[PDB]
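Following: one structure in structure tokens, then a few remarks.
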Amino acid sequence: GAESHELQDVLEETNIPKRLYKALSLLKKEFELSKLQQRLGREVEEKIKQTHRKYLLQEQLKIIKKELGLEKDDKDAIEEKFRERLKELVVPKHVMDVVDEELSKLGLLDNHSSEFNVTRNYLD
Amino acid sequence: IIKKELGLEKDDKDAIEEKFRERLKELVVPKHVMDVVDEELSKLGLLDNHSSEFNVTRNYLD
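Chains D and B, in that order, give the protein sequences.
When you line the first sequence up against the deposited numbering, it's residues 340 to 463, in that order.
When you line the second sequence up against the deposited numbering, it's residues 402 to 463, in that order.
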């Protein structure tokens, strides 16, 4: 891929050895350039894989933490809390199914949603 | 195994939980507010700092 100047220089050479060696050297320079060109992108590949792998080790220890560190708390635990809170009470049946429906909603409702907070407040 | 894995990435923590705990330590704090703050702090820790409910929860704590 040498510039036309290099090709002209090769042509000017009359001796066969001179032109052959010049052509070989030009070929290896053009290979150097092109391999730099492609190496930039392949190095991007390597960087993104490296960061993903580091995040994957972080993720392994973070899953173990989720089991232990976060304890998987609040996974519909308020439902059981209120179940026990209502356990001692001799509660009617219509309000029993109302509480069951509210619990199903709350499990379906996302914790962040203000509707979820209002549902928890009403159930309280 | 857990503690060595964490040691691989040991350094972390912003320490707001314990900050409010020590803030209330001096005061003779009623049990009602203590349990309410415990529930609020459990909701906070189980929620990411980004979530707006996290900010509202922290404001309630303050």
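Virtual Cβ for every residue (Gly too), placed ideally from N, Cα, C.
> Under 9 Å Cβ-Cβ, which residues of chain B neighbour residue 450 (chain D)?
Replying inline: Walking along the first sequence from the start, residue 450 (chain D) turns up at place 111. Those are 444, 447, 448, 452 and 454, listed as they occur along chain B.
> By DSSP, does residue 450 (chain B) sit in helix, in strand, or in coil?
Replying inline: Stepping through the second sequence from its first residue, residue 450 (chain B) is reached at position 49. Coil, per DSSP.
>> Please tell me whether residue 385 (chain D) and residue 341 (chain D) are closer than 7 Å, where the distance is taken between their beta carbons.
In response: In the first sequence, residue 385 (chain D) corresponds to position 46, counting from 1. In the first sequence, residue 341 (chain D) corresponds to position 2, counting from 1. Result no, Cβ atoms of residue 385 (chain D) and residue 341 (chain D) do not sit closer than 7 Å.
> Would you call residue 387 (chain D) buried or exposed, if buried means 16 or more other Cβ atoms sit within 10 Å of its Cβ?
Replying inline: Here the question's residue 387 (chain D) lines up with position 48 in the first sequence. Residue 387 (chain D) comes out exposed.
>> residue 462 (chain B) and residue 441 (chain B) - do their beta-carbons sit closer together than 7 Å?
In response: Taking the first residue of the second sequence as position 1, residue 441 (chain B) is located at position 40. Taking the first residue of the second sequence as position 1, residue 462 (chain B) is located at position 61. Against a cut-off of 7 Å, the Cβ pair of residue 462 (chain B) and residue 441 (chain B) comes out as a contact.
> Could you give the C-beta distance for residue 448 (chain B) and residue 456 (chain D), rounded to a whole number, given that I count them as a contact under 8 Å?
Replying inline: Against the second sequence, residue 448 (chain B) aligns to sequence position 47. Against the first sequence, residue 456 (chain D) aligns to sequence position 117. Actually they are not in contact, since the Cβ atoms of residue 448 (chain B) and residue 456 (chain D) sit about 12 Å apart, beyond 8 Å.
>> Taking the alpha carbon of residue 411 (chain D) as the reference point, which residue from B:429, B:414, B:443 and B:417 has its own alpha carbon closest?
In response: As a working note, residue 411 (chain D) is residue 72 in the first sequence. Nearest of B:429, B:414, B:443 and B:417 to residue 411 (chain D), Cα basis: B:443.
> Below 8 Å, can you find three or more Cβ-Cβ pairs linking the region 425 to 439 of chain D to the region 428 to 435 of chain B?
Replying inline: no
> Can residue 362 (chain D) and residue 349 (chain D) be called in contact, C-beta distance under 7 Å?
Replying inline: Looking up residue 362 (chain D) in the first sequence gives position 23. Looking up residue 349 (chain D) in the first sequence gives position 10. Yes; because the gap between Cβ atoms is below 7 Å, this pair is in contact.
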